[PDB]
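Following: one structure in structure tokens, then a few remarks.
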Amino acid sequence: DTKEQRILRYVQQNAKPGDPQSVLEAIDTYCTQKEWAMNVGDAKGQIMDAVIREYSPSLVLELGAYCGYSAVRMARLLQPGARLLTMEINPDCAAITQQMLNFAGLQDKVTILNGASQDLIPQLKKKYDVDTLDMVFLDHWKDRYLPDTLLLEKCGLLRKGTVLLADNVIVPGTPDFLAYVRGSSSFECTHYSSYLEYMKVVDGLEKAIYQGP
Ligand SMILES: O=C(NCc1cccc(CNc2ccc3[nH]ncc3c2)c1)c1cc(-c2ccc(F)cc2)cc(O)c1O
Ligand SMILES: [Cl-]
Ligand SMILES: [Cl-]
Ligand SMILES: [Mg+2]
């Protein structure tokens, strides 16, 4: 019996089906009071919400769903018809995420793909009928942020104005990605200082807006 299963059960027993906000609150309570977990959390979550509301993206890709906290956070603010694709390599966590979204009533807005970003990204166009992405949320292995950004570009998935939003650019940190986007003319970057989920430790989000070649 895992921490992730305990989080899901806590949601199911302490939130209201179909009420995404109650789901977020339940997860944040459990992770504050019972067991820490690597959800983006409320501090960084509020910044995410402000970004999502600014851009109202029609198609979002998330790398690293975990238990679905960020997927619930984003999907609850998407406009009608807008969609989120989220990728998760750990099959147990993919299943938790699907159940989390089902409980939240967000399952028609989100597709949870069980697999590795580097395998799935090149299939997005032909298999998932993607043209280009409006926003990408990076929250998977930190050493994959840079390679998968470059892969997204190679596959023609970025357009002028695509918003990349990256978790954990301070802790654990993603130093190659951060140096790269901040030094590249193809990205316009902004740093949003915040706190590591459920902890009094500084962390932050980076927004990197793609500008084309
Ligand atoms: O490391 C982190 N997250 C990534 C991660 C980690 C483990 C497993 C997976 C498996 N999921 C996965 C992987 C690769 C993938 N490829 N395609 C899809 C896909 C999906 C992903 C993380 C760590 C901390 C943290 C830990 C400890 C601490 F002290 C402070 C902070 C805080 C966070 O907010 C974090 O996000
Ligand atoms: Cl999350
Ligand atoms: Cl928090
Ligand atoms: Mg994270």
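Cβ: placed from backbone, ideal geometry, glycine included. Neighbour counts: every protein chain shown. Each value in this text was obtained by applying a stated rule to the coordinates, not by laboratory testing.
Here are the numbers for the structure shown:
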quantity: All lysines inside 30 Å of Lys127 as judged from Cα atoms, apart from same-chain residues fewer than 8 positions distant; calculated: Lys109, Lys142, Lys154, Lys160, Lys207
quantity: Paramagnetic reach from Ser58 (point 7 Å along Cα→Cβ, amide N under 11 Å) across the stretch 101-142; calculated: 131-134
quantity: Linear extension gain, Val201 paired with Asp108, 0.36 nm per residue minus alpha-carbon span; calculated: 29.9 nm
quantity: Added length on full extension, which subtracts the Cα-Cα distance from 0.36 nm per residue, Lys34 to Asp49; calculated: 2.9 nm
quantity: Rg ratio (alpha-carbon, reference 2.2 N^0.38 Å) - the stretch 52-122; calculated: 1.02
quantity: Among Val51, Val110, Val40: highest mean-square fluctuation, GNM of the chain, C-alpha pairs under 10 Å; calculated: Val51
quantity: Cα long-axis angle, helix 20-33 against the chain (0 to 90 degrees, to the nearest 10); calculated: 80
quantity: Histogram of C-alpha separations across the chain, 5 Å bin width, %; calculated: 1, 7, 17, 20, 22, 17, 10, 4, 1, 0
quantity: Mean-position separation - Cα centroids, the stretch 141-175 and the stretch 78-131, in angstrom; calculated: 17
quantity: The stretch 101-202: trypsin sites (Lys or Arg not before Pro) in DSSP coil with no more than 15 other Cβ atoms inside 10 Å; calculated: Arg159, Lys160, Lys200
quantity: Candidates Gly183, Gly41, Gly64: whichever shows maximal mean-square fluctuation once the chain is modelled as a Gaussian network with Cα springs under 10 Å; calculated: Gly183
quantity: Distant-in-sequence amide H partners of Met135 (H built 1.01 Å from N, under 5 Å); calculated: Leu59, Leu61, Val163
quantity: Length-normalised contact order for the stretch 106-176 - Cα pairs under 8 Å, 6+ apart - percent; calculated: 36
quantity: Gain in span if fully extended, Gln13 to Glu188, counting 0.36 nm per residue against the direct Cα distance; calculated: 58.7 nm
quantity: Rounded to 10°, Cα long-axis angle of helix 145-154 versus longest principal axis of the chain; calculated: 50
quantity: The stretch 1-85: trypsin sites (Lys or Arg not before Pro) in DSSP coil with no more than 15 other Cβ atoms inside 10 Å; calculated: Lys34
quantity: Degrees between helix 41-55 axis and first principal axis of the chain (Cα, 0 to 90, nearest 10); calculated: 50
quantity: Dipole in debye (nearest 20) - the chain, about Cα centre, beta carbon charges: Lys, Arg +1; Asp, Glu -1; calculated: 260
quantity: Around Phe187: net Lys/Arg minus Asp/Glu count, Cβ-Cβ under 11 Å; calculated: -1
quantity: Loop-located chymotrypsin sites (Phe, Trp or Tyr not before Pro) in the stretch 1-62, at most 16 other Cβ atoms within 10 Å (DSSP); calculated: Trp36
quantity: Beta bridges per DSSP with both ends in the chain, % antiparallel, nearest 5; calculated: 40
